[PDB]
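Notes to accompany the following structure.
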Amino acid sequence: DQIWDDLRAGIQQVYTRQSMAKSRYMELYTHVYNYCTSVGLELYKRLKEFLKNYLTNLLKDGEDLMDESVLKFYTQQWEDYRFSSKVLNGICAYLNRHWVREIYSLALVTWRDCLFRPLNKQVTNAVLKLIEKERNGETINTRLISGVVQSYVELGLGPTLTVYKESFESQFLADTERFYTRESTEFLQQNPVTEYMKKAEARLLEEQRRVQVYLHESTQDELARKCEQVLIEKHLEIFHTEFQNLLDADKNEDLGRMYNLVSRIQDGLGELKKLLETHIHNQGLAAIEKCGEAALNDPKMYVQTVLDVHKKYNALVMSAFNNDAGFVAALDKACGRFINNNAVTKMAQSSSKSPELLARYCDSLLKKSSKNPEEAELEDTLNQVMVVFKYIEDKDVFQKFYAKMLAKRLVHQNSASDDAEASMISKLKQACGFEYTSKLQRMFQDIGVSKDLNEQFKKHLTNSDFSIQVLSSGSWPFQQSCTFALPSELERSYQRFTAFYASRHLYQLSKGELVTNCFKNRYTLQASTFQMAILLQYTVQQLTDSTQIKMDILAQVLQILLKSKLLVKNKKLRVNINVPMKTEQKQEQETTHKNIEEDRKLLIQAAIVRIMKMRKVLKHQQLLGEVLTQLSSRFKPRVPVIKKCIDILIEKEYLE
Amino acid sequence: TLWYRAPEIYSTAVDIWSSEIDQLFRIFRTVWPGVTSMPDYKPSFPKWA
Amino acid sequence: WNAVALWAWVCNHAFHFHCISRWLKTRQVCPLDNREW
Amino acid sequence: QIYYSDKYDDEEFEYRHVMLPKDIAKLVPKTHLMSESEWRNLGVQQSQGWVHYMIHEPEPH
Amino acid sequence: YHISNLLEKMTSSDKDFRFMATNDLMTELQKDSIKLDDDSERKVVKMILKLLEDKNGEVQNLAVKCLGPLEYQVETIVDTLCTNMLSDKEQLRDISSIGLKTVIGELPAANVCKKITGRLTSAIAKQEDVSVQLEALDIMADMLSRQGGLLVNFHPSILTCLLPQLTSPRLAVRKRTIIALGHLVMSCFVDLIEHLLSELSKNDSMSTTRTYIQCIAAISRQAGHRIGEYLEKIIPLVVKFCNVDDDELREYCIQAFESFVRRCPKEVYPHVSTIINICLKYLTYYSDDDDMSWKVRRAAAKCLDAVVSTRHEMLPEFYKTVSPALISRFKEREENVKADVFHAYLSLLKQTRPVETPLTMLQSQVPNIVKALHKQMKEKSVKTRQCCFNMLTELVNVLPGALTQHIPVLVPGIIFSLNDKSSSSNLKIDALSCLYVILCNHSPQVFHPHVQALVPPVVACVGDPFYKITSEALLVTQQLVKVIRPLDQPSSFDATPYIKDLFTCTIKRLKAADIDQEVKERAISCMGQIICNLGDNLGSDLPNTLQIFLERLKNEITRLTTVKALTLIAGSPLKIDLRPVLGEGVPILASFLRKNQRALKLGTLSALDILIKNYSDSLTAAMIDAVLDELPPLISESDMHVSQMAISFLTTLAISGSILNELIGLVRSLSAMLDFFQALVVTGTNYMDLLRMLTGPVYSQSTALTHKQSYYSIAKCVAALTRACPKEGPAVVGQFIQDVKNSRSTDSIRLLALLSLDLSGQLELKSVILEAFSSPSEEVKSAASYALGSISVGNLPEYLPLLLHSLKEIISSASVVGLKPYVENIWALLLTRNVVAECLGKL
Amino acid sequence: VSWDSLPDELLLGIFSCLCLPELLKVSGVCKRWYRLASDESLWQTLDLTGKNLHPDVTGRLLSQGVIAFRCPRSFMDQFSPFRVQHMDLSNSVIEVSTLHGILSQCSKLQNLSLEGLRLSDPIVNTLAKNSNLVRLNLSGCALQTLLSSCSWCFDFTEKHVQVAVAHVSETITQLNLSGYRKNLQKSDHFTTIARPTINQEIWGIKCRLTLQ
Amino acid sequence: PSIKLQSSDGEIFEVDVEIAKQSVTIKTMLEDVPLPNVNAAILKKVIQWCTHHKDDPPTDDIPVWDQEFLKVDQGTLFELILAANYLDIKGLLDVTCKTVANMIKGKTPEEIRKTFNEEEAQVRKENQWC
């Protein structure tokens, strides 16, 4: 029936922000009941026309508003209109229930009319101007923008973001690109690059806060991602150029900030690793060159500088770079490259000097002779030496030198604190192979055996600088003794050689007692007692004839004796004059290097014979690879040596 | 009954008479109203002529 | 007088590398230790 | 056991009436019709095809 | 076939064959190797373990490197590994420790650690070979440290297996036992500790071994408030043993140190400290022999530090004691001891600062130490100079103006440090900091004759490539330029010769792009300071510096420093910055609204005050542009306390306040005390604001008393300075008003006598409609300026009524005339509550 | 107490509870009831089995707008497409002429199973009008382009034995193989694949109307 | 929890807002009231019908108790189930439709006029399969 003149005033009043009395409301809803009594598909069109007319009138009311005045119109009206639509929903909820082939949906679609109306452009411009002012620093309330965002999101068929996207997202992002691109250029032109990273981080945090503050979360990713394009990726070249600049000078905090800023992008960390390795290598070589010749003959200085640079870069990578596996791998590779072969090695025409000097540095460090013993700090130095030794490609030289040096040290009573030595040997056993420990533990046990045996001679003397150390010479790295009969003054002591060691079933070390009466004043000097032994005889040339020792070593003894004042006195009785011969050091070093080379040659021969024990006959392409992968732990061989060994084995009729 | 099976199969079963289907098919293989009464009424199996 | 001394075996086994290899090539099974390698 | 029939598909002959075993009855489901040779897994051995157009009228054995 | 072929091929009685079998099985197992048969897994584990102890060492050497993981079967592996270390075989025993260490090093399973610990408890028993003892001790210490909670069951067994071998001949075993015992003590069953404590107490009665005292000291480190009882019995023993002439006395010092720091009630200070002093200077006595004596010295130093860092109630006489004299007697012992002695002295100095007075003692001891310091500047070591500079800065900071006489003998050291050996950046930065702090608080008339020697180094050091060097040198430069021509006093020394160097040095660094932010901030600060101080002479280059300042003002990062510098340029030597030159920048300055950085209006007013030749030019000055941005800045008391006085000043010097109607309207009308009555001078220059304060009677709805009092106050202030007088003011006209239309009319007259500096409702106040506060203020303001009194003669007696409140008012304000009479105050005690004696406390 | 002045949805709710026999008996009462007797909301799952209907009834039911219905074990001896999304004509041979006459045009049948029916070629491709079907048949049924619509044949000849799994869209979940698998070219318990049943509910959609 | 309801005849009822909230028709608008169509007795019946279904969140078997409430006189019955849609509950309408179908089910169409109020042959021929 024609009772349409009652819903009119109802919606007109509900269109206002003032509430409506519930008592009289039955006059409206019940009237809708009359419509569906005694369908029709006629009311939808009439209500659509009414909504269109009301919305057109509302648009005409405030058409001219803009420049923050429109923004107070759309938002102001939408709250009231949404409340009115929600209230009216229940009026025709009956139809909405029984009409499915939508009143709130119709209201939203009609709202789309004013949305796509001239209001769209000016409203979007005002919103973007508000964002721009917020970026500048001026504070503005964010309630109205939240209302506008809710307006843009709600429209649709988070049900659908198509209209919201097409109407706000593209233009917001475009404004962002132009703003950031415009500002970054002259900011970098005038302001320093060091604080650019901090400003970028602060800006990114500001956007990441704004998005939840007064924006839909659906744009969480895109807004961030493209904002990396304008800020970070587009300016990657200047960042790369300045990485070296601000890495040369300690800026570790800036290093961490830069790493955090640049890690967001895809494949951004890779390039900086190259520069890191290059700079580490260059700085290491520069430091080694600055050390120069002094580094070659002074292991302490060279190893100290190497450990200092290693510690500095290790701390830097562990702190700034958050302990990334790629970064530590790059550091390890650079350390290997610039510590295996460097300037100091070039003077020795060999790459084995760097590992060799480490053994001498260790021996000097843990020696109790120089000034004094150090505890609670020597352990850290030993651990750092272990760390730096982990890199060494040629580990055979270190072990070979250390075995001989430890044997020489432990033959005499000279030894540092037992705790540090025990820790060092335990660490070496844990890190190195069994074969070396099987040899070192033999010395460790045999010295205790000798210590226990020492009392036997004293007790035998009682029953019937004096401690005869006895240990089997078969397995230790030493050499034979010279031919020189002991004089009468010392003959009686060794005449009682029989003991458990001998009764049950070497001497080339000049030791003796200091009792001389030839000179007017007596002295007490422990030294190489070859001169002391010769003194028992007494011309200058007469001494050699009676002793008839081999001319080479005897002449060397004479020269070293003449170096002193004994033959042609000191401040105190504490005098040693026990300087080791210079030539013997170089001769022994050359001999041990030759022995190591021979041992490696024999090892590679045995290794090829063993690997072919499982391979009947095969090619050469995989032979070298299998050889290297089976011997990578120790010093790696050289191709010509392998070829010569293979030729010799072929001559041996082993393979084909 | 093995000797004779009622064509319908129960009232007057003996009188009605004169796998059960196989036994009864002898007469049919080598017609009347009320065919669509028992569940056995179906043209899937060959029962013509 | 404090110095170092040593004691060594008696019967012992030792041979040159070339002779060692030649002996290993055919004597690996003839005796059971105490005279080889 | 099985019991072959005399003549049931004279118009198009591929098999005849057969008996039903105790084990075969369990494997014979009502949901799946009597396929010609889909019962080979469930102990089926008879003339080629043996397409059953229907099922037992009174009850299947 | 191939899957299980390796296990069968393993048994070959050959060297190369077994070597290669081990190699390829290990290489294959290194891969993921998915779907391995359980029986095959058992085969491989059994065969690897069986080969573990074969011949041909290389084979077992490679075998022992087997990967830790492939957890039912790992139990068998660990059981086999631990059961071998105690076997008769030597090589197998040695390899068992390595295998156990390798397998147990698989932590990210707890049953495994329980089983291994329970099986390994007994292995510490005395054995002929001590090689495995160290490994067992280390691995057990590792398990105990990593996981101590799960060992709750078998604690006493570990205790009893760990004590007996403490006296093993090998020193390494002893040391490892000390650390293991410390760890197990840290693990804590209260009973566990008592055994150790009593055993060590009894065993130390007669023994020459020093490890007992070492472990006694060590255990207390971890025992937090758990060894208090032991102290009473052990302190005598340690003090007695201190006299023993053992090769090292350090252990007793460490014991006393740790017990003192960790235990609060150690109530015997004098003995330990005295023995520290005795043993501090125990000097006693290349290929020479060892020398560990120095140790004791440093130990003593450290312990001294502890006491001077712990006690906070023993400051008075500590300086008078022999401690500081001994410390300063000989500071030249060797490299290491110097650091610890300097640290102890620094700790004492730090404890001196609160945040016969003790300081006097130090004030008397400053010379000697200074003397002792003067030599150490020549030491080649850098740490010595660093420590000396740290001590000097701490001494200067703790008490101001301590080194007011020895500057001539101290400056040479600083200049030497700055001049040479520039490689050590720490030395240079510390020296510059020391120079800045010593120059911070001293009379200007001390550094004069040394300026000629100090300026060059600094000006040469400003250009150092290292940025921290400049970041410390520019502050010293600012202090120096400040200490040349102080404004308070006249400086005889001429400043012209040296200002050129400073000006050029700072200006060169001011303009650049590779400089740091802090360096730029401090450079602009120093430039502003120098320009304000002695910019008159440097007038030739002034315009370019001002232009650079204007250019730098734009940068967002550097705004506060430039604003502070511009504000600071207000010295008595009027700094003429040409009026247009500041004019083009004034619009930029006024545009600032950056989130609560309001040094803005604290500098604009100074700039327009010192230079006021032209300020009313609206196009290029304030009163139109700056005023437009004054609405938000008058809304919240804190910032508006300063905002309002801006308009106050603008009104006086002027066209004064031509367009401020909106500002005045908004300013009208919670507020704690902020009053702008002194700022209401617009009336004098232009009752201009008549109704703004008399709006009460017409408009009174939604009003707060806090603002009503201010309204009455401003009415009084407007009546303060004008042709009108209080006798004809708003209160005067409304003299007798009993038909008040509303409460606002009553509040208007509530404070009527305030307009002072008897004819209205003359004594009708106590007939209060609601109440009254200070209406009878005529007496107070009339006693002093006018005659002695107007109504005080018959004030109280006429009206018996709670009118005693007025009493507290009459004597509150003035005291010169407050009590010439003394009758009513004393002759009557006023019977009415404490209000009677509200003012009696302070008449 | 008049019962002739009620809305339409109320009568729909009344009818929604009725079963088949009672509903069809109530179909004719008065003119008003006749219009609401046949409505879209009513007929959505209609399963009559073994009723050997006549073409007029099925034509009317299809034209009435039956959303989806199955019809197993029903023999038939004796256009405007409707939403018949689910269909089941299995193991019940019917006259090919009538099948072509009525099944000439179907707009969309998401489920169309014809299991055990002899129809020749000229009408097999006419199903291409369907938007897309995801169900096939293997019970004795253009040869290659039919399955392109969506992306045990004794009479089947040898040529198209290898065509199926050689050059055809394979996005379908599965392609059942049986009987013809042995003869399939190489160059190219129970089974519950491509079947309607594994409880009158069929194809996973409950039959809201079953005669039984 | 006190809302006043008025019927057409003019009687005021009070119900705490825990049971009348079930009827969505009256609840939807109350979120943001003299009902003219409903009768006072029917209003009482609908108000009291919510006694059992408080705990339960919002042909075939139905609750046995419901029969006593559904065994109601025709005079009140027709008014109740013709005005229910105004304040129908999601369960009340379902049970109503079920019971009315149950009355209709099993009867004879030719005599349906006795209860509620050429073409017969054509209708029968239209659907003869059943």
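Following the order of the structure tokens, chains are lettered A, B, ..., residues in each are numbered from 1, and ligands are numbered from 1.
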DSSP says alpha helix (DSSP H) for which residues of range 467-523 of chain A? Put them as a short mmCIF file (atom, residue, chain, number, x, y, z; two decimals) with N, CA, C and O atoms, in the first residue's frame?
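Saved result, result.cif, follows:
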```
data_model
loop_
_atom_site.label_atom_id
_atom_site.label_comp_id
_atom_site.auth_asym_id
_atom_site.auth_seq_id
_atom_site.Cartn_x
_atom_site.Cartn_y
_atom_site.Cartn_z
N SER A 488 141.18 -38.63 33.91
CA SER A 488 141.19 -39.32 35.20
C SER A 488 140.33 -38.60 36.23
O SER A 488 139.63 -39.23 37.03
N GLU A 489 140.36 -37.26 36.22
CA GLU A 489 139.62 -36.50 37.22
C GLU A 489 138.13 -36.81 37.18
O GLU A 489 137.45 -36.70 38.20
N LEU A 490 137.61 -37.19 36.01
CA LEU A 490 136.20 -37.51 35.86
C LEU A 490 135.96 -38.98 35.53
O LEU A 490 134.79 -39.39 35.46
N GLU A 491 137.01 -39.78 35.33
CA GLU A 491 136.81 -41.17 34.95
C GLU A 491 136.12 -41.96 36.06
O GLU A 491 135.20 -42.74 35.79
N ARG A 492 136.53 -41.75 37.31
CA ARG A 492 135.99 -42.54 38.41
C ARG A 492 134.48 -42.44 38.57
O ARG A 492 133.84 -43.39 39.02
N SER A 493 133.89 -41.30 38.20
CA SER A 493 132.45 -41.12 38.38
C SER A 493 131.67 -42.07 37.48
O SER A 493 130.77 -42.78 37.95
N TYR A 494 131.99 -42.10 36.19
CA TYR A 494 131.26 -42.95 35.26
C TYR A 494 131.74 -44.39 35.28
O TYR A 494 131.08 -45.25 34.68
N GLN A 495 132.85 -44.68 35.96
CA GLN A 495 133.31 -46.06 36.06
C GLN A 495 132.27 -46.95 36.73
O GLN A 495 132.20 -48.15 36.45
N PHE A 500 120.65 -50.89 37.35
CA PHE A 500 119.51 -51.61 36.79
C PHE A 500 119.40 -51.38 35.28
O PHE A 500 118.97 -52.28 34.55
N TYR A 501 119.78 -50.19 34.81
CA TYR A 501 119.71 -49.92 33.38
C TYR A 501 120.66 -50.82 32.59
O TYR A 501 120.30 -51.32 31.52
N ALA A 502 121.87 -51.03 33.10
CA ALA A 502 122.89 -51.81 32.41
C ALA A 502 123.01 -53.24 32.94
O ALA A 502 123.16 -54.17 32.14
N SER A 503 122.94 -53.43 34.26
CA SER A 503 123.08 -54.77 34.81
C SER A 503 121.97 -55.70 34.34
O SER A 503 122.18 -56.91 34.21
#
```
Counting only C-alpha atoms, which residues of chain F sit at most 10 Å from some atom of chain B, and what is each one's closest atom pair with its distance in Å to one decimal, listed by chain and rising residue number, as CSV?
```
residue,atom,partner,partner_atom,distance
F:50,CA,B:42,CA,8.2
F:51,CA,B:36,CA,9.6
F:52,CA,B:42,CA,9.4
F:73,CA,B:44,CA,9.2
F:74,CA,B:42,CA,9.2
F:75,CA,B:43,CA,7.7
F:91,CA,B:44,CA,8.8
F:92,CA,B:44,CA,7.6
F:93,CA,B:44,CA,8.4
```
| field | Spatial neighbours of range 29-46 of chain G, 10 Å, only C-alpha atoms, chain gap at least 6 places, as a PyMOL selection string | value | (chain A and resi 19-27+29-30+33+83+86-91) or (chain G and resi 3-13+20-21+23+69+76-77+79-81+83-84+86-89+92)
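One finds CA of residue 558 in chain E at 23.8 Å from CA of residue 620 in chain E.
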Counting only C-alpha atoms, what are the residues of chain F within 10 Å of chain D, and for each of them which pair of atoms is the nearest and at what distance in Å, to one decimal? Sort the table by chain and rising number, as a tab-separated table.
```
residue	atom	partner	partner_atom	distance
F:73	CA	D:54	CA	8.7
F:90	CA	D:33	CA	9.2
F:91	CA	D:53	CA	7.1
F:92	CA	D:53	CA	8.2
F:93	CA	D:53	CA	9.3
F:116	CA	D:53	CA	9.2
F:139	CA	D:35	CA	8.7
F:152	CA	D:36	CA	9.3
F:154	CA	D:49	CA	9.8
F:178	CA	D:38	CA	8.5
F:179	CA	D:37	CA	8.2
F:189	CA	D:41	CA	7.6
F:190	CA	D:27	CA	8.0
F:191	CA	D:38	CA	9.0
F:192	CA	D:32	CA	8.8
F:195	CA	D:32	CA	7.8
F:196	CA	D:31	CA	8.0
F:197	CA	D:31	CA	5.2
F:198	CA	D:31	CA	6.0
F:199	CA	D:31	CA	9.6
F:200	CA	D:31	CA	9.6
F:202	CA	D:31	CA	9.4
```
| Which residues of chain E are close to chain C, meaning at most 12 Å apart when you count only C-alpha atoms, and how do they look as number ranges by chain? | E: 13-15
| Which neighbours of residue 156 in chain F fall inside 12 Å, counting only C-alpha atoms, when residues of the same chain fewer than 2 positions from it are skipped, and could you give them as a PyMOL selection string? | chain F and resi 118-121+138-141+143+152-154+158-163+180
| request: Show which residues sit within 12 Å of range 7-10 of chain D, as a ChimeraX atom specification. Count only C-alpha atoms, and ignore same-chain residues fewer than 2 positions away. | output: /B:21-22,25-26,28-30,44-49 /D:4-5,12-18,49-53
